[PDB]
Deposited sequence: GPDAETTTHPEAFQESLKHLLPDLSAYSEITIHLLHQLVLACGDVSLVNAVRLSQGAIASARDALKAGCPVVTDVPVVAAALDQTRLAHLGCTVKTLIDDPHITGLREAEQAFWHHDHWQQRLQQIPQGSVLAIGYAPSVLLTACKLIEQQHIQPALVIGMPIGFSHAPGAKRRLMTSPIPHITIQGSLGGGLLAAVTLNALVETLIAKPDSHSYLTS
């Protein structure tokens, strides 16, 4: 049998949109443990879908995350895609400080970007509709994702697995697919 539903644990206690997201993540990289390692805050899906319906700005930390996004469906919705790091003025922290209210912030690489975003959120300077915080496992990543877990912002992250990287783009793509 090559049925994803048969390979994964019973997911009936999760919502249809959550199961779709979890399927896409497992299909992308094969790690069935993502079923338990993906953590969604209570407002994450509803806040993300409202933002995307309104054509919110989408911001990634690095270009390869943006390149993995389904930019056709995003443009279809009216969402622009921009990146904080292209490769002392126009530093990524200045771009982050300016992120528009209600935008989706997808972080697939840098823990430092996630840390600064969580600080800016605590201090109520920025208010994205969603932070997808899935940086690569550099030395500061566990701390950055712990700060995200207690952030009041709606968010999705990965705890208890090495997942990160372009999985941040898979996550947003899946949410867009539930809308288009």
Which ranges of the deposited chain go unmodelled, in order along the sequence?
1-13, 101-114, 208-218
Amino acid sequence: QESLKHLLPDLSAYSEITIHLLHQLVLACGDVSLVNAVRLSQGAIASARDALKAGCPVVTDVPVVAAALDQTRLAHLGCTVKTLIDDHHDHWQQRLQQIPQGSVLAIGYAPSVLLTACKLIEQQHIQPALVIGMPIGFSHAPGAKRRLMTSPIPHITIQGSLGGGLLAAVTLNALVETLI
From here on, numbers count along this sequence of modelled residues.
Given 169-177 and 3-11, the range whose Cα B-factors average higher in the PDB entry
3-11
Between 49-57 and 124-132, which has the higher average C-alpha B-factor in the PDB entry?
49-57
Taking the C-alpha B-factors as the PDB entry records them, is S161 in the lowest, middle or highest third of its chain?
highest
Chain-relative C-alpha B factor for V104 (record values, thirds): the lowest
Sorting the chain's CA B-factors, does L84 end up in the lowest, middle or highest third?
middle
